[PDB]
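Accompanying notes for the structure given below.
Note that the chains are named A, B, C, D, E and F in the order they appear, and that numbering of residues resets to 1 at the start of each chain.
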Amino acid sequence: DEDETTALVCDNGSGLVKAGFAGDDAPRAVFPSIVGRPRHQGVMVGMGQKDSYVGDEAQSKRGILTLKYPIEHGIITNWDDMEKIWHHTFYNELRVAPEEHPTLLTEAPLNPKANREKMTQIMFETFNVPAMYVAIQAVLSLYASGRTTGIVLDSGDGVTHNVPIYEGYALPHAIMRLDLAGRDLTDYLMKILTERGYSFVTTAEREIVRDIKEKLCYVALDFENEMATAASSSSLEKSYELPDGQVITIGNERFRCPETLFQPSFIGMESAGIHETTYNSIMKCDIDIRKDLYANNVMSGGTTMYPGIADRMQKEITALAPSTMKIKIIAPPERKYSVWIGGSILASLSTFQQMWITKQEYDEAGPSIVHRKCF
Amino acid sequence: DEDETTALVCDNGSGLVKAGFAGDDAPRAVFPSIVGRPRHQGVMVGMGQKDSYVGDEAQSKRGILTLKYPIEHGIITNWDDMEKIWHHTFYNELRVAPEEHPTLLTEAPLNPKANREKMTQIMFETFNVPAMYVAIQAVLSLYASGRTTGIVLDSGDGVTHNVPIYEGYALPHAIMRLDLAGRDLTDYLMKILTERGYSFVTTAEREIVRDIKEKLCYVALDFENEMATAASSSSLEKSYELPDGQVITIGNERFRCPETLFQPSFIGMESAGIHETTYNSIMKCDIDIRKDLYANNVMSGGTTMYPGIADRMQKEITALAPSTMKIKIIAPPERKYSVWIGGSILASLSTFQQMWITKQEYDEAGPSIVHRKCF
Amino acid sequence: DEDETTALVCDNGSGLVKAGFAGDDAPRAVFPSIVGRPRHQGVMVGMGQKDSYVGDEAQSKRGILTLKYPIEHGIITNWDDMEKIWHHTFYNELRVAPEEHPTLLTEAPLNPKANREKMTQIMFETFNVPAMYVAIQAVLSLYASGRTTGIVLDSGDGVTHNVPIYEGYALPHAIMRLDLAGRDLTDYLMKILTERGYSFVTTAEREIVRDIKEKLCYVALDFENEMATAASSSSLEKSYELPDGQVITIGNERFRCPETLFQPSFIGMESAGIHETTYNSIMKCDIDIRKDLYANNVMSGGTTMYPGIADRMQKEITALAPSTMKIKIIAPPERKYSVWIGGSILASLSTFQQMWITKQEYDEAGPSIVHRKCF
Amino acid sequence: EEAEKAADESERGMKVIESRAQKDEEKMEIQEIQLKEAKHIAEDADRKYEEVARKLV
Amino acid sequence: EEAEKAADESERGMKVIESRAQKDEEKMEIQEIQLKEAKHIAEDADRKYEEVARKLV
Amino acid sequence: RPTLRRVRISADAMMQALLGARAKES
């Protein structure tokens, strides 16, 4: 299927795995990060004895399979799910073995050392891979953006990373990760819908309402004013049609769901909102480059697909920062895949072909030394 | 009958209504939450034309009246039954009108807004009440416990609420309700008794077996070991005498009925057992106070009247949590009425007499604004 | 409680307030410099309506109260916290009014004029105090040391001051302050522990790890060699038991945390390490007295309680300076309180009783003139 | 009658055994607090002694 | 029947609370042993520290 | 920064899937 000896770019982002060959502009195999395990034991004869579903095979059946998240906040919980999702991506979709081409994986900023050593060991010992490389997502996203300056805000599913890069220079001391993202928003919407009257307590419905949020939920331009005008609703409340057919009616809750990002007090945490944390990060940077960080801020992550985030960011930053300079916020189209796109354009360089880590040096050095070599 | 102008504490808990005047230590009018409706039409002349039985009048006759539950999982199904049970409690047992004293009602955590607005409207418009107040059960139970720290586990009849309160501080974000309680246990015992050989499919027998469970069913200290030793039964199986006289013989089923709480997989639901859900809730809290939540856990609800729950909780939590600290579980005597008791001691304070909601401000504001004022 | 009309020595050092009467050898009221503010709003009735916790009352509850630092790098951020901590120290611990005895406060070197004018105004206008006096910490520390020559290195919590004093002579031109201290070390340890795998993002955990550092973290005698020998750890890594019970395992990170002081490049700042800055300061002094500054260097600040600082200083200075002379470094026992101790022995002199500033002259002159009179 | 007598005896046993249990519990907290303080100061003393020994060397 | 119910519950209470009391007794003994050990170690550490301080002077 | 479009599906596979046996020269 592939006639070019190039690394397979597999972005294992929290919530959605995006795998594809280098050189492509979009991932071909896109599936959620979920593992379905048979809950009961059947006396039936003939069905697949497979004890571990994955991807679309699990999405197609969520009532029988108990759903487990292979990644939580960033820390890898179960490694069997890791081996399952890579083995599946290798021998069920791409139809190619890892013994013929490299593999450029993308990991989140500020992750545990155990996670890195574990994935590297599974990719070297178990699977025969000629060479591995771990890369931070923020750099590849800035590559795909086509710039060298700005602060990347990557909001995945269970973690949110703010990474400032000015003139290409990474700042490992200022990268601050906060576990507020799509899962805590799904939980907030679920508890407020339970407050509305429709109560559910199973994961399949949780994924359904997550999809409903992805499709409908947006960000408000003025929270309190929308609350007041929605008190007497007319066009502000919408009636959604569940894929099963049950008629759901959702009004203001939509534009109050992502608001939890701006007010973490809703989930009883002393952490500051994403905008205030980004602002504090900007103060932690130097003054000289602060204006450039204001003018080149970039966004990444699937959570940014909601309509109305750019305007909300502009008003909040204008209210926090002075209103004398110019603070333009740029969001490139299809930003979610941009990271992966970067991977593709990063795997075609010959120099990058010279910066890989082969098996033998890793085996003698050991995983810890490999951690030192990368950084 | 009453010479003190004090609020009537009426705990409308799922399964049992407990009504009484403030200041008392136990409810005087205790009756199940059931409504009996004439099934057939009689040509007889002279009997009561009353078309809606309630309470003991319905309990005394369960063969003629089709039984309907006025509350299911927490959501109020029929409001006519609501009006029936309050009108009955007012003009058949207490022998007092609501137009002379307040009324402190107790509602379950995380209930629908429609339920609250409906009950408040029936208590203001229809009935002339000088003042109303909705209160969460967990706070009053913690009051009656005589502490300010701990996680209250309230297991009613159709819903189970875990509510953490440390130093008197409520946590509305961590309260998670799960509809596993006495009704699902009655259903499990019924289907397993149908598996034993005695098959029934009517509600009167369901209430009878519910009473049998309340009287006999207990919690096991070691499920599998009791299963093995009960395989060859001697003193492990007991012969119960039905109030009608039929000789029933029940062995292991007893201590396997509440076990469904610890293994929801028996009812094919992905939800976790009560102990595991409580443990997860403890992780959702902060680490600093987790030890205090371990040392001050409190229980509430009629379902907790079974013998052997404290020990089972201790072994399960010890197996789940470390065994280095001290994890003492405290269950106050007569915990079931404790909630109501709290109501009594909450209605005698002058400050609480200042926190009531009179008719006029509710009428101008409307019910929704009243919801904002309470929380 | 006090029968002697003597000034109250209140050292308001960054991180720890140490208050006590003059003549004593140690502060009686020692509490951290933190202010806890109620985060949520409770519907509960009976708890203290106090809207501003302070000191041990806040330390006892860090999960409910959002923690704010009343001092940052040296510049006073919020003055309400200032009024809170003095009013608390006056009317909750010492049980004495400031209207009966003077007050000798200690401020950090090279502080803003706004800070001084503000504290003096709160101590004259609001509170009725017969007389105030601002004193630099370095002089009092040199007093407690019992000498007149040397360079005092005061490392507080958010600022580090190097102050050379030879033969009692202050050098206001050479005092250079650098905002590298315990908070930036706590941040470095936190980010490296997040790199280890245990990720936290709340202030309570930050204070906990700060205490863990104070208890365990030490300075290395040879950084690279300890890194090499710790690569294969045995006794170099230690397993600490969190006060909550979670088993933490910390190895080399300990003696790499304070190393950030010697290598500010870790936090991406062009500033030089504390030792190199002190060395540069010594070159800025005259050659004649440089040997005496080498032989009489003194240390101050709580941060100096770590084991291994004296030896590290000796090796670094020997590597930087010639190895022909004698460079003895002296650290008096209980140096942290020594400053406060000085205050005590400074408030008993009659001449110092003649160098106070009464209300009337300040009122006519105004605060700015008071600044001229002191220096 | 026989059952009531047995129940009364059991109740008296509850009162006395629970009272002893409460006492043992109080003793637990007291003993634990003293043990923790002693271990804390013992670890402190050991660390200071090792450090002053290094300084002596 | 009510008396028999009370008797059975009471017997179970006796077994569980007696187990609790015995566990408390073993824990008190263990805590006293640990306290004595910690106290002796602290005494030894203090003596060695005094000796080392004299030598250091 | 340029790239070659990836929705440009390869003609051989596309030709087979659209035509069947009619695709012989392409």
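Keep in mind that, in the parts below, a contact is a pair of C-beta atoms (placed from the backbone, for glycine too) under 8 Å apart; a residue touches a chain by one contact, two chains touch by 3 or more.
Student: Identify which chain pair among B-C or A-C reproduces the interface of A-B, meaning that over half of its contact pairs, matched by residue number, are the same.
Tutor: A-C
Student: If you tally contacting C-beta pairs, which comes out ahead, D-E or A-F? Let me know.
Tutor: If we tally the contacting C-beta pairs, D-E comes out ahead.
Student: So the centre of each chain is just the mean of its C-alpha atoms; given that, what is the distance between chain A and chain C in Å?
Tutor: 42
Student: Quick one: report the Å distance separating chain D from chain E, using the average Cα coordinate of each chain.
Tutor: Those two chain centres are 5 Å apart.
Student: Report the inter-chain centroid distance for chain B and chain E in whole angstrom, where each centroid is the mean of the CA atoms.
Tutor: It comes to 40 Å between the two C-alpha centres.
Student: Quick check on chain F: which residues sit in contact with 2+ other chains?
Tutor: In chain F, no residue touches two or more other chains.
Student: Return the residues of chain C touching two or more other chains; collapse runs of consecutive numbers into ranges.
Tutor: Within chain C, residues 40, 202, 204 contact more than one other chain.
Student: Mind pulling the chain D residues that touch 2 or more other chains?
Tutor: In chain D, the residues touching two or more other chains are 25, 28, 32.
Student: Provide the residue numbers of chain B that touch chain E in the complex, in ascending order.
Tutor: These residues of chain B touch chain E: 215, 307-308, 311.
Student: Show which residues of chain A lie in contact with chain C when the two form their complex.
Tutor: 73-75, 110, 112-115, 171, 173-174, 176-179, 265, 268-271, 368
Student: Within the complex, which stretch of chain E touches chain D?
Tutor: So the residues of chain E touching chain D come out as 3-4, 6-7, 10-11, 13-14, 17-18, 20-21, 24-25, 27-28, 31-32, 34-35, 38-39, 41-42, 45-46, 48-49, 52-53, 55-56.
Student: Flag every residue of chain A that touches chain F in the complex, lowest number first.
Tutor: 23-26, 146, 341, 344-345
Student: List the residues on chain C that touch chain B in their complex, please.
Tutor: These residues of chain C touch chain B: 40, 42-47, 61-64, 202, 204-205, 242, 244-246.
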